[PDB]
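# Examination of the molecular architecture
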Amino acid sequence: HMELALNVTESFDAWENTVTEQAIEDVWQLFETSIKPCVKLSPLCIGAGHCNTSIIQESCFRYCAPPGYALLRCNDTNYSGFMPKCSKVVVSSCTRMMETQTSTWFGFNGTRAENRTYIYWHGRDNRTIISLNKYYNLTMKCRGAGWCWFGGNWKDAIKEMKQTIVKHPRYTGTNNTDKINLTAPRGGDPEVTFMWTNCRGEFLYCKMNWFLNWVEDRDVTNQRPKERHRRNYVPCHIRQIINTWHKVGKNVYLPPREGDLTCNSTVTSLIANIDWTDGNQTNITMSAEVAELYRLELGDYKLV
Ligand SMILES: *[C@@H]1O[C@H](CO)[C@@H](O[C@@H]2O[C@H](CO)[C@@H](O[C@@H]3O[C@H](CO[C@H]4O[C@H](CO)[C@@H](O)[C@H](O)[C@@H]4O)[C@@H](O)[C@H](O[C@@H]4O[C@H](CO)[C@@H](O)[C@H](O)[C@@H]4O[C@H]4O[C@H](CO)[C@@H](O)[C@H](O)[C@@H]4O[C@@H]4O[C@H](CO)[C@@H](O)[C@H](O)[C@@H]4O)[C@@H]3O)[C@H](O)[C@H]2NC(C)=O)[C@H](O)[C@H]1NC(C)=O
Ligand SMILES: *[C@@H]1O[C@H](CO)[C@@H](O[C@@H]2O[C@H](CO)[C@@H](O[C@@H]3O[C@H](CO[C@H]4O[C@H](CO)[C@@H](O)[C@H](O)[C@@H]4O)[C@@H](O)[C@H](O[C@H]4O[C@H](CO)[C@@H](O)[C@H](O)[C@@H]4O[C@H]4O[C@H](CO)[C@@H](O)[C@H](O)[C@@H]4O)[C@@H]3O)[C@H](O)[C@H]2NC(C)=O)[C@H](O)[C@H]1NC(C)=O
Ligand SMILES: *[C@@H]1O[C@H](CO[C@H]2O[C@@H](C)[C@@H](O)[C@@H](O)[C@@H]2O)[C@@H](O[C@@H]2O[C@H](CO)[C@@H](O[C@@H]3O[C@H](CO[C@@H]4O[C@H](CO)[C@@H](O)[C@H](O[C@H]5O[C@H](CO)[C@@H](O)[C@H](O)[C@@H]5O)[C@@H]4O)[C@@H](O)[C@H](O)[C@@H]3O)[C@H](O)[C@H]2NC(C)=O)[C@H](O)[C@H]1NC(C)=O
Ligand SMILES: *[C@@H]1O[C@H](CO[C@H]2O[C@@H](C)[C@@H](O)[C@@H](O)[C@@H]2O)[C@@H](O[C@@H]2O[C@H](CO)[C@@H](O[C@@H]3O[C@H](CO[C@H]4O[C@H](CO)[C@@H](O)[C@H](O)[C@@H]4O)[C@@H](O)[C@H](O[C@H]4O[C@H](CO)[C@@H](O)[C@H](O)[C@@H]4O)[C@@H]3O)[C@H](O)[C@H]2NC(C)=O)[C@H](O)[C@H]1NC(C)=O
Ligand SMILES: *[C@H]1O[C@H](CO[C@H]2O[C@@H](C)[C@@H](O)[C@@H](O)[C@@H]2O)[C@@H](O[C@@H]2O[C@H](CO)[C@@H](O[C@@H]3O[C@H](CO)[C@@H](O)[C@H](O[C@@H]4O[C@H](CO)[C@@H](O)[C@H](O)[C@@H]4O)[C@@H]3O)[C@H](O)[C@H]2NC(C)=O)[C@H](O)[C@H]1NC(C)=O
Ligand SMILES: *[C@@H]1O[C@H](CO)[C@@H](O[C@@H]2O[C@H](CO)[C@@H](O[C@@H]3O[C@H](CO[C@H]4O[C@H](CO)[C@@H](O)[C@H](O)[C@@H]4O)[C@@H](O)[C@H](O)[C@@H]3O)[C@H](O)[C@H]2NC(C)=O)[C@H](O)[C@H]1NC(C)=O
Ligand SMILES: *[C@@H]1O[C@H](CO[C@H]2O[C@@H](C)[C@@H](O)[C@@H](O)[C@@H]2O)[C@@H](O[C@@H]2O[C@H](CO)[C@@H](O[C@@H]3O[C@H](CO)[C@@H](O)[C@H](O)[C@@H]3O)[C@H](O)[C@H]2NC(C)=O)[C@H](O)[C@H]1NC(C)=O
Ligand SMILES: *[C@@H]1O[C@H](CO[C@H]2O[C@@H](C)[C@@H](O)[C@@H](O)[C@@H]2O)[C@@H](O[C@@H]2O[C@H](CO)[C@@H](O[C@H]3O[C@H](CO)[C@@H](O)[C@H](O)[C@@H]3O)[C@H](O)[C@H]2NC(C)=O)[C@H](O)[C@H]1NC(C)=O
Ligand SMILES: *[C@H]1O[C@H](CO[C@H]2O[C@@H](C)[C@@H](O)[C@@H](O)[C@@H]2O)[C@@H](O[C@@H]2O[C@H](CO)[C@@H](O)[C@H](O)[C@H]2NC(C)=O)[C@H](O)[C@H]1NC(C)=O
Ligand SMILES: *[C@H]1O[C@H](CO)[C@@H](O[C@@H]2O[C@H](CO)[C@@H](O)[C@H](O)[C@H]2NC(C)=O)[C@H](O)[C@H]1NC(C)=O
Ligand SMILES: *[C@@H]1O[C@H](CO)[C@@H](O)[C@H](O)[C@H]1NC(C)=O
Ligand SMILES: *[C@@H]1O[C@H](CO)[C@@H](O)[C@H](O)[C@H]1NC(C)=O
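Per the PDB record, this model was obtained through X-ray crystallography at a reported resolution of 4.00 Å.

### Some words on the sheet that holds strand β5 (residues 118-122)
Spatially, β4-β13-β6-β5 is the arrangement adopted by the four strands of the open sheet, whose pairing is antiparallel. Pairing within the sheet leaves two strands with one partner each, and these edge strands are β4 (106-107) and β5. Summarising the sheet, β5 and strand β6 (residues 129-133) pair through five bridges and their orientation is antiparallel. Paired with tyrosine 118 across the two strands is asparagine 133, which belongs to β6. Against the sheet, helix α2 (residues 154-165) contacts β4, β5, β6 and β13 (269-272), and its axis sits at roughly 55° relative to β13.

### Considerations on the sheet that holds strand β11 (residues 204-206)
The strand order β3-β10-β11 describes an open sheet built from three strands, whose pairing is antiparallel. Two strands close off the open sheet at either side, each with one partner strand: β3 (102-103) and β11. Relative to β11, strand β10 (residues 195-198) runs antiparallel, the two being bridged by three bridges. Bridge pairing links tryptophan 196 to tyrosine 205 in β11.

### Digging into the nonpolar core
Generally speaking, soluble globular proteins have nonpolar side chains that are buried together. Residues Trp105, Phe106, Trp154, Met208, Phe211 and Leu270 are the most contacted members of the largest nonpolar core, which totals 32 residues. Secondary structure elements with two or more residues in this core: β6, β7 (138-143), α2, β11 and β13. Excluding its chain neighbours within four sequence positions, the residues that come into contact with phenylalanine 211 are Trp105, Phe106, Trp154 and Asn232. Residues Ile24, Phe31, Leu71 and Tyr294 belong to the second largest nonpolar core, which totals 17 residues.

About the thresholds
Residues numbered from 1 in each chain as written, not as in the entry; some residues may be left out. Chains lettered and ligands numbered in written order. Heavy atoms only, no water. Pairing = 2+ DSSP bridges. Helix = DSSP H or I, 4+ residues; strand = E, 2+ residues; numbered from the N terminus. Contact = heavy atoms within 4.5 Å. Axes fitted to C-alpha atoms, helices over the stretch in contact; angles between N-to-C directions. Core = buried A, V, L, I, M, F, W, Y, C linked by side-chain atoms within 4.5 Å. Buried < 20%, exposed > 50% of the residue type's maximum accessible area, 1.4 Å probe, protein only.

This is the structure in C-alpha cells:
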C-alpha cells in the first residue's frame, strides 16, 4: 500500500529536469481537481520506476480537499536535511493549501521564532537550498487589486541575515573579501524580482523591486556615498493565468473569494537557493514553493 525508498539523484538539467519538475508539473495537475463531470481515473507517482494512477468513485456537504494525494515524514529531531540513517515514520494526507496563505519569500507563521536567527539548511554542497529564521519584527499584508504592506526592521533584519550568513564559510583557503548580489533564472537574462502571495484562494503576483535593490560588501561606508528618500509597497498584479518565474511560461486556477478581501500574512521563514559554485559566485535566489509549505513543519516533505 505504501512502498517507497530514500534515493534522490542530483545532477545538472532544468527544463526536462527531475523530480523537482515532476513535483510541481503534477502538483498543479492535482490542483485542477476538486469536482466536475461524471467519471473515474488519473495518476500518482515518485517511488520505484513505475507509476500509479489513482482511480476515484462517486455518483452523478463537507469534503476535505485533495481527491487522493498525501504526505508523510521520518522523525528524531528539528531538521538537518540529508545523509539520514532513517527509522520511524507517520500518517498524514489532507491538503487544503489554496484555501490558506503563502509567499515565495518568507514562510508564514514562525513557530518558536527564536531571537537566534536560524539558517536551517538542506545541504547539497555547492548547489543547494536554505531557510533563515529570525525573531525580529517583519509583517506582511496585501490589499485588494494588488499592492502589499509591511512593518518591521527589514533593513536590519536583513543585516541579521547578513550577520547570520557570514560565520559559516570559515576561511575557505585565502585572504579575501565578498560581494553579494542576486539573480534567479537559468539560460536567459530578465532583470526583475517576483514574489507571489496566497491568502484566500487567489494566486496574486508581485513586481517586488525596491525591496530587492540591495548590493552587499564586507566592510563598507555610506557618508560620502549616495542618499535618496525611497519607500515601499508592492506593485502586484494578479496573474490567475500564471506567467512563470523560473521560465517564462504559464498556469491558472479555480478559487472562491470574499469580495472585499484584504490579504494578511504572518512572517518569518525567509528563504534562498544560494549558488556559490567555484569561482566568483555567491548567488542568492528565491524559488521555493508548495513542497516547502509542509517542508516547513516536518523537516522535509515526502509525498507519493
Ligand atoms: C494582520 O496581521 C498584522 C500583524 O502584523 C496586522 O498588522 C499590524 O498591526 C499593528 C497594530 O495595528 C501594526 O502597527 C501599525 O503599523 C504601522 C507600520 O508602519 C511602520 O513600518 C513600516 C515599515 O518600516 C514603515 O512604512 C513605517 O515607517 C512605520 O515605521 C506603524 O506605523 C504603527 O505603529 C504605531 O504608530 C503610532 C503613531 O505614532 C503610535 O501611536 C504607536 O505607538 C506606534 O509607533 C510609535 O510608537 C513607538 C513606541 O511605542 C515610538 O517610538 C514611535 O516613534 C511611534 O510614535 C511614538 O509613540 C510612542 C508612545 O507610544 C513614543 O515613543 C513617542 O511619543 C512617539 O511619538 C501602527 O500602529 C503593525 O505594524 C501591523 N503590521 C503592518 C503590516 O504594518 C493587521 O492589522 C492584521 N489584519 C487585520 C485583521 O487587521
Ligand atoms: C572576483 O572578481 C572580483 C572583481 O573583479 C575580484 O576583486 C578584485 O580583487 C583585486 C585583488 O588584487 C583588487 O585589486 C586591489 O585593488 C585595491 C584598491 O581597490 C579597492 O579599494 C577602493 C577604495 O576602497 C575601492 O573603490 C575599490 O572598489 C576596491 O575595493 C588596490 O589598492 C590593491 O593594490 C594593493 O595590492 C597590490 C597587490 O595586488 C599591490 O601591488 C599594491 O601596491 C597595493 O598594496 C600595496 O600598498 C602599500 C601602500 O599602501 C604598499 O606598502 C605595499 O607594498 C602593498 O603592496 C589591489 O590591486 C581589485 O580592485 C578587485 N576588482 C575590482 C573590479 O575592483 C576578486 O578578486 C575575484 N575573486 C576571485 C576569487 O577571483
Ligand atoms: C554587485 O553589485 C555591485 C554594484 O551593482 C550595481 O550595478 C549593477 C549590476 C546594478 O545591479 C545596479 O543596480 C547596482 O547598483 C557591482 O559592483 C560594480 O558593478 C558595476 C555594474 O555592473 C560595474 O561598473 C562598471 O563601470 C564601468 C565604468 O567604466 C569607465 O571606464 C573608463 C575607461 O577606462 C574610465 O575612464 C571610467 O572612469 C574612471 O576614471 C576615474 C578617474 O580616474 C576613476 O575615478 C573611476 O573609478 C574610473 O576608473 C570608468 O571606469 C563600466 O564601463 C562597466 O561596464 C561596469 O558597469 C563594476 O565593475 C562593479 N565594481 C566592482 C565593485 O567590482 C558588483 O560587480 C556586483 N557583483 C556581482 C557578482 O554581480
Ligand atoms: C518526531 O520526533 C521529533 C523529535 O524526535 C524524536 O526523537 C526520538 C527519540 C523519538 O522517539 C521521539 O520521542 C522524539 O519526538 C518530534 O519533535 C518533537 O515532538 C514532540 C511531540 O510531537 C513535541 O512536543 C510537543 O510540543 C510542545 C513542546 O514541549 C516539549 O518540551 C517539553 C520539555 O521537554 C515537554 O514538556 C514536552 O513533552 C515536549 O517534549 C508541548 O507543549 C506539547 O505538549 C502538548 O501536547 C500534548 C498532547 O496533545 C498535550 O496533552 C499537552 O497538554 C501539551 O499541550 C507536545 O508534546 C516537541 O516539541 C517536538 N520538537 C520539535 C522538533 O519541535 C516530532 O514531533 C515527531 N513527530 C513528527 C510530527 O514527525
Ligand atoms: C534542534 O533544536 C532543539 C530546540 O531546542 C532549542 O530550544 C531553544 C529554546 C534554545 O534553548 C536552543 O538552544 C535549543 O537548542 C534542540 O533541543 C534541545 O536540545 C538539548 C541538547 O541538545 C536537549 O537536551 C538533551 O536531553 C537528553 C535527554 O534524553 C539528553 O540525553 C541529551 O544529552 C545528549 O545530547 C546529545 C546531543 O545534544 C546526544 O547526541 C546524546 O545522545 C544525548 O542524548 C541532552 O542533554 C533537549 O531535550 C532539547 N530541548 C528543547 C528545548 O528542545 C536540539 O538539540 C537541536 N538539535 C540538535 C541535533 O542539536
Ligand atoms: C547569479 O548571479 C550572477 C550575476 O548576477 C549570474 O552570473 C552571470 O551570468 C551571466 C550570463 O551567463 C554572465 O554574463 C556573461 O559575462 C561574460 C563575461 O565577459 C567579461 O569578461 C571578459 C574577460 O574578463 C571581458 O573581456 C569583458 O569585458 C567582460 O567583462 C560576457 O562575455 C557575456 O556577454 C555575458 O554578459 C556572467 O559572466 C555571470 N557572472 C559571473 C559569475 O561572472 C548567475 O547566472 C546567477 N545565478 C543564478 C543561479 O541565477
Ligand atoms: C515586534 O514585536 C514585539 C512584540 O510585542 C507585540 O506583541 C503582540 C502580541 C501585540 O499585542 C503588540 O501590540 C506588541 O507590541 C513588539 O516589541 C515589544 O513591544 C512591547 C510593547 O508593545 C514592549 O514592552 C515595553 O517596553 C518598553 C521599554 O522596555 C517599556 O516602556 C514598557 O513598559 C514595556 O515593557 C517591548 O519592549 C517590545 N520589545 C520586544 C521584546 O520586541 C513590537 O511592537 C513589534 N515591532 C513592530 C511594530 O514591528
Ligand atoms: C563544490 O563542490 C566541488 C566538487 O564537488 C565534489 O563533491 C563531492 C561530494 C563529489 O561529488 C566529487 O566527485 C565532486 O568533485 C568542490 O571541488 C573540490 O574542492 C575542494 C576544496 O577546494 C578540493 O579539495 C582540496 O584538495 C585538492 C586536492 O585533492 C586541492 O587541489 C584543493 O586545493 C582543495 O584544497 C577538491 O580538489 C575539489 N574536488 C575534488 C573532489 O577533487 C568545490 O570546492 C566545492 N565548492 C564550494 C564553493 O562549495
Ligand atoms: C537574543 O540572544 C542574542 C544572543 O546572540 C548570541 O548568540 C548567537 C545567536 C550568536 O550569533 C552570537 O554571536 C551572539 O552573541 C542577543 O544578541 C546579543 O547582543 C548583545 C549586545 O549587547 C551581546 O551581549 C551579544 O553579542 C549577544 N548575545 C548575548 C550573549 O545575549 C539578542 O540581542 C537577544 N535578543 C532577544 C530579543 O532575545
Ligand atoms: C594573504 O593576506 C593575508 C592577510 O592577513 C596575509 O596574512 C598576514 O601574513 C603575514 C605574514 O605573511 C602575518 O605577519 C600577518 O599576521 C597576516 N596579516 C596580518 C597583518 O594580521 C598573508 O601573508 C597573505 N599571503 C601571502 C603573502 O602569501
Ligand atoms: C536507490 O534505491 C534503490 C531501490 O530503488 C536501492 O536498491 C539502492 O541502494 C539506491 N541506490 C543508491 C545507493 O543510491
Ligand atoms: C495505486 O493507487 C490507487 C489509488 O486509487 C490504488 O487503487 C491502487 O491500489 C494503487 N496501485 C498500486 C498497486 O500501486
